[PDB]
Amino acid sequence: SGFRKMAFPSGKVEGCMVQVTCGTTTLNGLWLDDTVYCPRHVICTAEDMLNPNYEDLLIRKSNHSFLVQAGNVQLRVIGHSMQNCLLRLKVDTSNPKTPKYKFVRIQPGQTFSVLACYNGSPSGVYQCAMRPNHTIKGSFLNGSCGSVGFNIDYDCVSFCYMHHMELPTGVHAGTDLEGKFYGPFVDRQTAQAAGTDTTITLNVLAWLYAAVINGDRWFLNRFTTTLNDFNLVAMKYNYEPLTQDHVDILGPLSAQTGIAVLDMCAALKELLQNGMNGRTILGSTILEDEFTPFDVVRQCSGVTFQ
């Protein structure tokens, strides 16, 4: 029993973190096989960040412009290229600790683990959801950029995030491991801001199913609702519209608990209109939206506490 925001064990990623230095700028890189990945912003100087032309800044560099440090060992760069907002540095040593991996572009609403790192040294690990507005509420200080986000699937690490910037509201933005930003953000100093966000409806419903699996039914009711009537309430409370696809995804959780998805939606509607009346759900006084259906099935028992 219990229910916590659980991260994936981080060892397989820890063995991939390196330090990349260009000029006066140091940040983190990801070393897989004979390639190091890092934010291309490493090549900017303290006067370059307003309107840096990365094509122009990079042509002016050589392989030995880049210092890559793996622990106390210095790796030699024998090649370099730009891929979107990342640099790819070829090095003369293949990472012996390379795990099985893939690069994936995650969808909004989906969760992953972040290994926060400074100067190539892992510092902490925590779970994050990709917000609908394509930012994450991370925890990051200066020098964290190049820290990565991942999920682990058996022995395979699916890398999905590399950190690049903090936005004015203190939330965070970055790219996939192909260097394409999540969201409309750019790696230069502008007036960019997070767009308005919304609550991840599918994840709140997932979490209500987790609460029932863990033995709590207090918030249920005798009503049902149609998708459309639910969605009228949803927009009132700044929730994502629920779709038939989302209803289908909740099938397994619905089967395990014997509660119809649209009946759970009726419960949510009531929670939204009436509040929680001093009560908690899985320890929480608020409706949580950073657990996916997948996250609930991973962590919760396969047999419910009836």
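Each form is matched to the other, and the largest set of C-alpha atoms that superpose within 1.5 Å is called the rigid core. All residue numbers are counted from 1 along the displayed sequence.
*Asks:* Which segment is farther from the shown form on average in 8 other deposited structures of this protein after a rigid core fit, 141 to 149 or 154 to 162, going by CA atoms?
*Replies:* Stretch with the higher C-alpha RMS distance in 8 other deposited structures of this protein: 141 to 149.
*Asks:* Which of the two stretches, 261 to 269 or 40 to 48, moves more in 8 other deposited structures of this protein when the core is held fixed, judged by C-alpha RMS distance?
*Replies:* Per-stretch check in 8 other deposited structures of this protein: the more divergent one is 40 to 48.
*Asks:* With reference to the PDB entry, specify whether the mean Cα temperature factor is higher for 21 to 29 or for 6 to 14.
*Replies:* So the stretch with the higher mean C-alpha B-factor is 21 to 29.
*Asks:* With reference to the PDB entry, specify whether the mean Cα temperature factor is higher for 207 to 215 or for 75 to 83.
*Replies:* It is 75 to 83 that shows the higher mean C-alpha B-factor.
*Asks:* Going by the entry, which of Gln127, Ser158, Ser139, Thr190 has the most elevated CA B factor?
*Replies:* Of the options given, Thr190 has the highest CA B-factor in the PDB entry.
*Asks:* Which is it among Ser113, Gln110, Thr199, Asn95: the one with the largest CA B-factor in the entry?
*Replies:* Max CA B-factor in the entry, restricted to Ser113, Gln110, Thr199, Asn95: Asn95.
*Asks:* Is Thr292 in the lowest, middle or highest third of its chain when residues are ranked by C-alpha B-factor?
*Replies:* Ranked within chain, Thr292 CA B lands in the lowest tercile.
*Asks:* Rank-wise, by C-alpha B-factor, drop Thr169 into the lowest, middle or highest third of its chain.
*Replies:* Middle third of the chain for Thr169's C-alpha B-factor.
*Asks:* Can you tell me whether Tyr154 has a C-alpha B-factor in the lowest, middle or highest third compared with the other modelled residues of the same chain?
*Replies:* For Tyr154, whose C-alpha B-factor we compare with every modelled residue in the chain, the answer is the highest third.
*Asks:* By the recorded C-alpha temperature factor, relative to the other modelled residues in its chain, which third is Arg222 in?
*Replies:* It falls in the top third of the chain.
*Asks:* Which third, lowest, middle or highest, does the CA B-factor of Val68 fall in along this chain?
*Replies:* Highest third of the chain for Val68's C-alpha B-factor.
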